[PDB]
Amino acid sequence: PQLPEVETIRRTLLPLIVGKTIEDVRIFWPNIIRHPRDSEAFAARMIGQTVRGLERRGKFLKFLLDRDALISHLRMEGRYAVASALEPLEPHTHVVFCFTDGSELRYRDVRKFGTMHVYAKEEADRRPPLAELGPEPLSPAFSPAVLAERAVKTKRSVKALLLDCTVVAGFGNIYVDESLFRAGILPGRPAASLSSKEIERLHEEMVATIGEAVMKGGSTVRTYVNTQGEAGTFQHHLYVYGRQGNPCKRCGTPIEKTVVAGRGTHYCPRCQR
């Protein structure tokens, strides 16, 4: 899940937990808890607090409690669900927050890559991982000017640049390949090789791509759904991601797949320069 996915999860999860008081916190896979490092302390400090709100920062969910903030990252396959405490638990449930009303917030993650950090509300923003996060793509803090700034200070590919959460928040593998194709730029291009026109173009497309995505509930390509288990629909609007060997939707040239910045990369050798 990237910005669009997490944003949908956020909007649909809030009403299901807002105003509930944590009665217990059960942990079946301690490694997910990053801070405090001792899982017993993590659990003990949550008890008695009420869920006041749910915010997003890049791909992170920020649960606002009374004095604390629970920072959660789903990474590759983490997922939330609110259900009854009387029902058996589905497989791969690693952390459960029990509310005083008998319902509970369950966190599932087949790969166990997800993380959880709990800090006093005022410390959350000045501590990792929210600490070195770049600006929100959909906000003025993210402008062509800002992007140009980081591009020159490096020889690495533009794809590696965009995947860097310190440059811009929330862009992942799918939307990077998709924005580069829309901007007509090869992902392997050195970040510096880009020009002023190419930079403002990329910015334009990043904002539109990410934008259309949230408005469609995200991209379900394998295991993503909102807290209601509903599937997004932006994956029907994908130009390159996951379409290797298939004709480009614009020019008909077969989409190619390579490894760039250590990850699967899709692009149209004809339309992207």
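C-alpha atoms forming the largest set that superposes within 1.5 Å between two forms make up the rigid core. Residues carry their position along the shown sequence, with the first being 1.
Visitor: Output the stretch, either 179 to 187 or 72 to 80, that has more C-alpha displacement from this form in 4 other deposited structures of this protein following superposition by the rigid core.
Guide: Once the cores are fitted, 72 to 80 deviates more in 4 other deposited structures of this protein.
Visitor: Can you check if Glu204 is missing its coordinates in at least one third of the other PDB entries compared, counting only those that model the residues either side of it?
Guide: No, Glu204 is modelled in every other compared entry.
Visitor: Check whether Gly218 has no coordinates in at least a third of the other compared PDB entries of this protein, counting only entries that model residues on both sides of it.
Guide: Across the compared entries, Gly218 is left out in at least a third.
Visitor: On average, which has the higher Cα B-factor in the deposited entry, 121 to 129 or 67 to 75?
Guide: Higher mean C-alpha B-factor: 121 to 129.
Visitor: For the higher mean C-alpha B factor in the entry, choose 209 to 217 or 37 to 45.
Guide: So the stretch with the higher mean C-alpha B-factor is 209 to 217.
Visitor: Could you say which of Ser196, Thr93, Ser84, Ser179 has its CA atom at the highest B factor, as listed in the PDB entry?
Guide: Of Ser196, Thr93, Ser84, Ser179, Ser196 has the highest C-alpha B-factor.
Visitor: According to the Cα B-factor stored in this entry, which of the following is highest: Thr253, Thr258, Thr21, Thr12?
Guide: By C-alpha B-factor in the record, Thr258 ranks first.
Visitor: Name the third of the chain's ranked CA B-factors that contains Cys248, choosing lowest, middle or highest.
Guide: Middle third, going by the recorded CA B-factors of the chain.
Visitor: Lowest, middle or highest third: where is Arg156 by C-alpha B factor in its chain?
Guide: Ranked within chain, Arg156 CA B lands in the highest tercile.
Visitor: If you rank every modelled residue in this chain by C-alpha B factor, which third holds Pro190: lowest, middle or highest?
Guide: Highest third of the chain for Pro190's C-alpha B-factor.
Visitor: Should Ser103 be placed in the lowest, middle or highest third of its chain by the C-alpha B factor in the entry?
Guide: Ranked within chain, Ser103 CA B lands in the lowest tercile.
Visitor: Would you please rank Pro88 by its C-alpha temperature factor against the other modelled residues of its chain and give the third it falls in: lowest, middle or highest?
Guide: Answer is middle: the recorded C-alpha B-factor places it there.
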